[PDB]
Trainee: 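Dumping the structure here so I can ask a few things about it.
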Amino acid sequence: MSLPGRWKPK
Amino acid sequence: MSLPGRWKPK
Amino acid sequence: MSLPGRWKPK
Amino acid sequence: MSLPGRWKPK
Amino acid sequence: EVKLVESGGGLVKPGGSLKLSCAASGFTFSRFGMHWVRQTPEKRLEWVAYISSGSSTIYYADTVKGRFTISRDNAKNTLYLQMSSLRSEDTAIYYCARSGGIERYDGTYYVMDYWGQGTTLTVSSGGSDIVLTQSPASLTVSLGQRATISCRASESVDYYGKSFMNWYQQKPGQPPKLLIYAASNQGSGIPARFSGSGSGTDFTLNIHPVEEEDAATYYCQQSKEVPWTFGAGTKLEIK
Amino acid sequence: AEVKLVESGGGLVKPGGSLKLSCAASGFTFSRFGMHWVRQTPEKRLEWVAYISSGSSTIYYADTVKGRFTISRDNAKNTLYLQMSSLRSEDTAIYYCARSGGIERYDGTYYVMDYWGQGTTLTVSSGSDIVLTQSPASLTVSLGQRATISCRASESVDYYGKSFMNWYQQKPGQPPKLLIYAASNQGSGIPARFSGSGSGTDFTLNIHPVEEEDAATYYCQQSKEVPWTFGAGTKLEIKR
Amino acid sequence: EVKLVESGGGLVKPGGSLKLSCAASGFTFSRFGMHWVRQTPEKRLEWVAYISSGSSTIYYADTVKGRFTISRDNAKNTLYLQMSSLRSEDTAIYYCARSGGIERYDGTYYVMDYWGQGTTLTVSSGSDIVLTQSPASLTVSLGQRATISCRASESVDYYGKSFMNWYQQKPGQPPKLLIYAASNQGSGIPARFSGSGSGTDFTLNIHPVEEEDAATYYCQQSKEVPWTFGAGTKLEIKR
Amino acid sequence: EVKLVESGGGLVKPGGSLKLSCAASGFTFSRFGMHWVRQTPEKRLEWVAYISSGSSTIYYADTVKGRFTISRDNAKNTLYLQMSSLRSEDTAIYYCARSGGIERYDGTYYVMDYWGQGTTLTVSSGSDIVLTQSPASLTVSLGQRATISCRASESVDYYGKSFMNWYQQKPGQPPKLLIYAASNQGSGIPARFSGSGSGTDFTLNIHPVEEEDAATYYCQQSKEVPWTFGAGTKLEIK
């Protein structure tokens, strides 16, 4: 998943 | 190419 | 003998 | 020797 | 260079209202998420609020929800924090921290990379958070030796092969500065004598060889789950 | 767990220009492994570029890049670098970063390029080497049949009883993947239908039975002497 | 015979407006591009603006774009620099330089070959080719050798020619052209001045140094806009 | 804690006279020798005069000898500079620098450790140790290396010690001591600043360069009178 402000997958 | 103010080829 | 990028004996 | 404003030995 | 200037603090009676501002310059403000982080006079770091670059996602700490409001004006490059129903517990220096994205092979890693000098607020007279137990409380090393600061999280900060553990250094009067991100990766211009390690719940920060300027207070931080949480801090002194 | 290498920094450069490549490593202890730069020309020919030891104690460059190229690493940042200067049109290639993986045996450790990154693309807008003669030039085999690729080295690649011959598989859009190391040993999770044999100067790669997914280009590589050299390659296709 | 006379400087409050003029004589003004180059009180040369002979092409430095306007009146043989929103950073001596064309076998090379005495202005209370000049200063005895080096942030080569130039400036005088195209000697320049190099590394050699060689020397690249200068090397004679 | 406030400058016609003053506080003024150092509008540092703590030894630069007079009042904690027959070359910002003694095992090393904000003076219309500083300037990316070298015209070594010092100056601020005695680090100077060399060849290396390193750097030799400075190297960040 995408974690707003923490991690954004590519 | 021509470089204005610097170089002009013949 | 030792081959750095290739072989390391023992 | 001592150098005023620069060095003071011992 | 990137700069953040907080303002708007001061003395306020309990239950009062107040608004903080931060003027951002030196970077494209509209493309970065922004944080409010406060530091109590006890040198304890507490994350307050977060807003995304486009203002699509907003997080508040559980202790400030409802009473606080974070907002941003991307046209004016300004970040705001509306406070109401203020309590004595809100007494702290409030920093604005930029959420900087670090690109990896599998995605982008976001960390609080830039901090302002902070503005001071003074108020007159469930537990599902990831708790970071830092060790030790303080430590004194001679010049040139090794300094080791440990952290044990209440649960794993790992997420799909990545450890969301960060380390910050803070000297007196200054804001925290990013040392290590993602457990073991070195921040912008961090000397090699700072080395992060660990995985899951156990993490360590190593300083070798310690220099005189390394005298500061160090905090661990997890960025896997909201709220962002900090260790209690370790004050490093040299010889 | 997942070893990854990400090259970056390419693009177009005029002749005589300069450019710097970077590779971000993750999933392994970068400081404990030697690293390679290998480039692939647009004609699908592999050319080893440079090597650096884990501790930066030994540095090798190919004769085509000496002086103009500089390999370096920052173990604190888990990054490998390739400084290029005085670029020429022959330098136009996709540059891969390959990890030198050590495989421990009873008598020593054998080092092979075991993990490769996706690579970054570089485009320049215009004697004593062990030459590996690969045969054949290409191959078209039906499903289930046998495919045989041979290699003759210009001189012996044996060193103290071991044959320093390796085989790689490369599918389009992907980096080379290790098939066989040490002439006859199987790589990580390589099916047994891939079988290497030979010694001294003559080596063979047998694929039997060939399956649909085996359609790729195969290269032999000797790792006895510097420079690392590759065979010209054999494109395996499946008859319809 | 060729003359350039700048005028219009003086003291001005910040944010004001001002226009400089340069009267040209001794040459066919309408056939030459013209430059404005300013020298800060730290004696650092900064190119300001350029206009072609027919005024079909105009370049400005990023520090003056929008606020400055260069124009010319070929009927009056006069060059103008209108300034507005003046800042303290604009405090400098403003020179007018002619763009002189030097015909070679393969084309025409343009260089700042003639400079005026300059007018003084005083304001009260990214991809540029950076030229790293070495050394900061030099003190040589008479007859010895003086070597000044330059390293450019990128190649100044264009079609087999190195667009690197060297200028000499004595106190109270404008810069005077020494070397053009890396290795060619200027008008009436003694053979003891010799330039060399290519790509990014260039050198100026003075041998044997004479008394009149006491001056400040600057390298300049004429490959890309903006024209950029080295920090300068002040040569003195040991006594 | 330590403070120095120069005063008394302003505009003066050529050939005029003027007196600068410096009020010292925060340290025992009577126990330190004092310096006057001026900086020309071309950013060149020139040592002007020195007086010992007890006023037993006085040095003047050759450019100001005879016309300038340095004095001190230990009871008033004040340093003075009488100037006369002023010339346009005297136009500069005049700093007052304290001669701070650093005690080692074999003796005390004296260096200009504290500088005031300076007062500005504006004049209206041979055997010196020459320090050749290099480069003239340098523009470095964040985190990479910056190297500033110095080649003295003759040896600054005296009894096993190299009398080479390095100063850092940011706009609006006086020079600040970075390195003393060729390789020694000042008070709270980050370890990324490293001085080295001996005899006539010296180096100031900065790695890794941070944003705060943007300044102008000067070498200075303190072995022989006059104290002399390098021309300076302005460091900028990409």
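Chain letters run A, B, ... following the sequence lines, proteins first and then strands; every chain starts at 1. The figures that follow rest on heavy atoms only: side chains count, while hydrogens, waters and symmetry mates do not.
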Trainee: So which atom in G/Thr108 and which in B/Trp7 form the shortest heavy-atom distance, rounded to 0.1 Å?
Mentor: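 Answer, listing the atom of G/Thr108 first, then B/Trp7: O-CE3, 3.2 Å.
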Trainee: Check each atom of G/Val225 against the heavy atoms of chain B and say whether the ones under 4.5 Å are side chain, backbone, both or neither.
Mentor: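 It is both, since atoms from each part get that close.
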Trainee: Check ring-ring contact (aromatic ring centres under 6.0 Å, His included) between G/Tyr217 and all other residues, then give those that pass, not counting sequence neighbours.
Mentor: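 ring-ring contact (aromatic ring centres under 6.0 Å, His included) list for G/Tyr217, sorted by chain: empty.
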Trainee: Is there a side-chain contact between G/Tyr158 and B/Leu3 (heavy atoms, below 4.5 Å)?
Mentor: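 Yes, side chains in contact.
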Trainee: Does any heavy atom of chain B fall under 4.5 Å from the side chain of G/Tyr50, the backbone, both, or neither of them?
Mentor: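 When you check distances to chain B, only side chain atoms of G/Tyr50 fall under 4.5 Å.
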Trainee: Would the number of heavy atoms belonging to other residues, nucleotides or ligands and lying under 6.0 Å from CZ of G/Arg192 be above 12?
Mentor: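 More than 12 heavy atoms, drawn from other residues, nucleotides or ligands, come within 6.0 Å of this atom.
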Trainee: Among residues at least two apart in sequence or on other chains, which ones pass side chain to side chain donor-acceptor pair (under 3.5 Å) with G/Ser84?
Mentor: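 G/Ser84: no side chain to side chain donor-acceptor pair (under 3.5 Å) contacts found.
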Trainee: Return yes if some donor-acceptor pair links the side-chain N/O of B/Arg6 with the main-chain N/O of G/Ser222 below 3.5 Å, else return no.
Mentor: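 A pair under 3.5 Å: no.
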Trainee: Looking only at heavy atoms, what is the nearest atom pair of G/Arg104 and B/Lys10, with distance?
Mentor: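 Closest heavy-atom pair between G/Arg104 and B/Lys10: O-NZ, 4.1 Å.
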Trainee: For B/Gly5 and G/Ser99, which heavy atoms make the closest approach, and how far apart are they?
Mentor: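 For B/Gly5 and G/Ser99, the tightest heavy-atom pair comes out as O-OG, 4.0 Å.
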